[PDB]
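The structure appears right after this line, and notes come after that.
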Amino acid sequence: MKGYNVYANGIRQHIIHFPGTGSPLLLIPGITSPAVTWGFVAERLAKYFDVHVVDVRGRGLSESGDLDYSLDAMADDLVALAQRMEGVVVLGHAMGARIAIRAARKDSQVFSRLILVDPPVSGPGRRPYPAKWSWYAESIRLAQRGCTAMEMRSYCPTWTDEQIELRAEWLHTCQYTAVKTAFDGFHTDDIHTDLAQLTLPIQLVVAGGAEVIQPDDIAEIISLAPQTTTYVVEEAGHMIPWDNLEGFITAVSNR
């Protein structure tokens with residue numbers, strides 16, 4: 001693993017490289033997931049791709065402070081990174097999938113294809129994202145104070161010891177205002193009007209055991225982007241590689 005910073009879209013973007021010999025892949029994590037927290041997955045994916053895991057603005061070591069934390073700005077960040085790479089695959093998880101959708105709408109030419117992992121399908125006039133805001137708010141403030149793995153375990157009781165320790169260590173780097181903005185974005189941004197404009201290859205990877213994406217939501221996505229292929233990791237929760245690591249890796253390799 002080797003971390004590095006780039007100056008792109010007018011901000012410092014921190015990226016962790018997990019070297020591989022395959023196609024380059026930019027991994028865009030979810031709302032409270034600094035790049036380092038995807039390390040256990042990225043090292044597995046690096047057997048197949050050359051993996052670059054992004055700290056989204058307001059998370060980890062990337063630029064923070066009084067920034068635009070909208071989906072538009074995060075999408076611009078991703079376009080700026082991808083401009084520097086040739087034929088990059090984007091794998092986005094959750095918020096990161098919404099970022100991938102909007103970025104590809106802005107500039108499809110810089111991406112080879114998208115892997116969209118359990119994006120919220122919320123938006124104006126749509127079913128709200130099925131998560132409690134308080135879970136993020138309370139755990140972030142706890143982490144900001146300084147807390148142990150055992151204290152963090154109450155929020156992620158099904159995770160491994162190492163995963164919980166890492167979250168206790170890094171969650172505070174997810175700026176509160178950035179996380180609040182993203183959660184509101186799940187409700188205020190329309191990613192469906194973006195999907196309707198996408199013509200590049202798309203794999204949709206669904207957490208079968210979660211309620212984030214229901215079957216009629218898959219049907220809507222297909223209607224909007226008929227090229228989309230769907231892989232359902234059956235019985236897996238929203239944080240797919242935390243619930244079923246092997247299941248997740250199977251979903252994004254040999255496809």
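Ordering of the structure tokens sets the chain letters (A, B, ...); residue numbers start at 1 within each chain; ligands are numbered from 1 in the order shown.
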
Please report as CSV every residue of range 230-249 of chain A lying within 12 Å of range 17-39 of chain A, along with the nearest atom pair and their distance in Å (one decimal), using only C-alpha atoms.
residue,atom,partner,partner_atom,distance
A:238,CA,A:30,CA,10.4
A:239,CA,A:30,CA,9.1
A:240,CA,A:38,CA,11.5
A:241,CA,A:38,CA,9.0
A:242,CA,A:38,CA,9.7
A:245,CA,A:38,CA,11.2

- Which of range 10-240 of chain A DSSP labels strand (DSSP E), written as a VMD selection string: chain A and resid 11 to 18 24 to 28 50 to 54 88 to 93 111 to 117 202 to 207 229 to 233

- Item | Option closest in space to residue 185 in chain A, from A:114, A:152, A:252, A:121 [counting only C-alpha atoms] |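 Using only C-alpha atoms, residue 185 in chain A sits closest to A:121.
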
- Which residues, written as a ChimeraX atom specification, have at least one atom at most 6 Å from range 197-200 of chain A, with only C-alpha atoms counted and residues fewer than 2 positions away on the same chain left out? /A:113,194-195

Expected file: the selected residues, N, CA, C and O atoms, as a JSON list (two decimals), in the first residue's frame:
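Result file is result26.json:
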[["chain", "number", "residue", "atom", "x", "y", "z"],
["A", 113, "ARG", "N", -15.70, 2.10, -17.78],
["A", 113, "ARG", "CA", -16.96, 1.47, -17.37],
["A", 113, "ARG", "C", -17.18, 1.75, -15.88],
["A", 113, "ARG", "O", -16.24, 2.15, -15.19],
["A", 194, "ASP", "N", -29.49, 11.38, -14.36],
["A", 194, "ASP", "CA", -28.13, 11.13, -14.83],
["A", 194, "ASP", "C", -28.02, 9.77, -15.52],
["A", 194, "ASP", "O", -27.42, 9.68, -16.59],
["A", 195, "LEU", "N", -28.59, 8.73, -14.90],
["A", 195, "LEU", "CA", -28.56, 7.37, -15.47],
["A", 195, "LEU", "C", -29.14, 7.35, -16.87],
["A", 195, "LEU", "O", -28.63, 6.66, -17.75]]

- Task: Write out as a list in words which residues come within 7 Å of range 173-180 of chain A when counting only C-alpha atoms, dropping same-chain ones fewer than 2 positions away.
- Result: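 In the requested format, the answer is residues 31, 32, 58, 59, 60, 69, 140, 170, 171, 182, 183 and 184 of chain A.
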
Saved selection, atoms kept: N, CA, C and O atoms, as a compact mmCIF listing (two decimals), in the first residue's frame:
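The result, written out as part16.txt:
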# COMPACT_ATOMS: atom_id res chain seq x y z
N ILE A 31 -20.21 7.15 2.29
CA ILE A 31 -20.33 8.42 3.01
C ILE A 31 -19.35 8.64 4.17
O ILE A 31 -18.88 9.77 4.36
N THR A 32 -19.07 7.60 4.94
CA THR A 32 -18.15 7.71 6.09
C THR A 32 -17.01 6.69 6.03
O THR A 32 -16.63 6.10 7.04
N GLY A 58 -13.34 15.98 2.20
CA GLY A 58 -13.92 15.94 3.54
C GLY A 58 -13.79 14.63 4.28
O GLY A 58 -14.42 14.46 5.33
N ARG A 59 -12.99 13.69 3.75
CA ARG A 59 -12.72 12.41 4.44
C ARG A 59 -11.22 12.11 4.42
O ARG A 59 -10.49 12.53 3.50
N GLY A 60 -10.76 11.38 5.43
CA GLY A 60 -9.38 10.91 5.46
C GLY A 60 -8.37 12.04 5.43
O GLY A 60 -8.43 12.96 6.26
N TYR A 69 -19.60 20.33 -0.73
CA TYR A 69 -19.65 18.86 -0.52
C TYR A 69 -20.80 18.22 -1.28
O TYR A 69 -21.18 17.07 -1.00
N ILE A 140 -19.91 9.93 14.68
CA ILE A 140 -18.90 10.93 14.27
C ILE A 140 -18.48 11.79 15.47
O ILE A 140 -17.30 12.00 15.72
N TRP A 170 -10.24 6.34 12.37
CA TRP A 170 -10.38 7.21 11.19
C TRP A 170 -11.71 7.91 11.00
O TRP A 170 -11.78 8.85 10.19
N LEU A 171 -12.76 7.50 11.71
CA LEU A 171 -14.08 8.08 11.45
C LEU A 171 -14.09 9.59 11.65
O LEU A 171 -14.78 10.29 10.90
N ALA A 182 -23.78 15.08 2.30
CA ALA A 182 -23.94 13.88 1.50
C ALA A 182 -25.26 13.20 1.79
O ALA A 182 -25.93 12.76 0.85
N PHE A 183 -25.65 13.13 3.07
CA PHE A 183 -26.88 12.44 3.44
C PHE A 183 -28.08 13.20 2.87
O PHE A 183 -29.02 12.60 2.31
N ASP A 184 -28.04 14.52 2.96
CA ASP A 184 -29.08 15.34 2.31
C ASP A 184 -29.07 15.16 0.81
O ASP A 184 -30.13 15.13 0.18

- Query: Which of these residues is nearest to residue 94 in chain A, using only C-alpha atoms: A:204, A:150, A:218, A:16?
  - Reply: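 Among the listed residues, A:204 lies closest to residue 94 in chain A.
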
- Proximity to residue 119 in chain A - best of A:164, A:137, A:15, A:91, only C-alpha atoms: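 Smallest separation from residue 119 in chain A among the options: A:91.
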
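Minimum atom-to-atom distances from A:105, A:167, A:255, A:127 to residue 225 in chain A were compared using only C-alpha atoms, and the lowest value belongs to A:105.
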
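Relative to CA of residue 162 in chain A, CA of residue 139 in chain A is found at 17.3 Å.
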
- Message: I need the residues of range 80-110 of chain A that end up classed as helix (DSSP H, G or I) by DSSP on the backbone, written out as a list in words.
- Response: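 The residues of range 80-110 of chain A classed as helix (DSSP H, G or I) are residues 80, 81, 82, 95, 96, 97, 98, 99, 100, 101, 102, 103, 104, 105, 106, 108, 109 and 110 of chain A.
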
- Item | Distance criterion (only C-alpha atoms): nearest to residue 75 in chain A out of A:147, A:108, A:223, A:49 |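 Of the candidates, the smallest distance to residue 75 in chain A is held by A:108.
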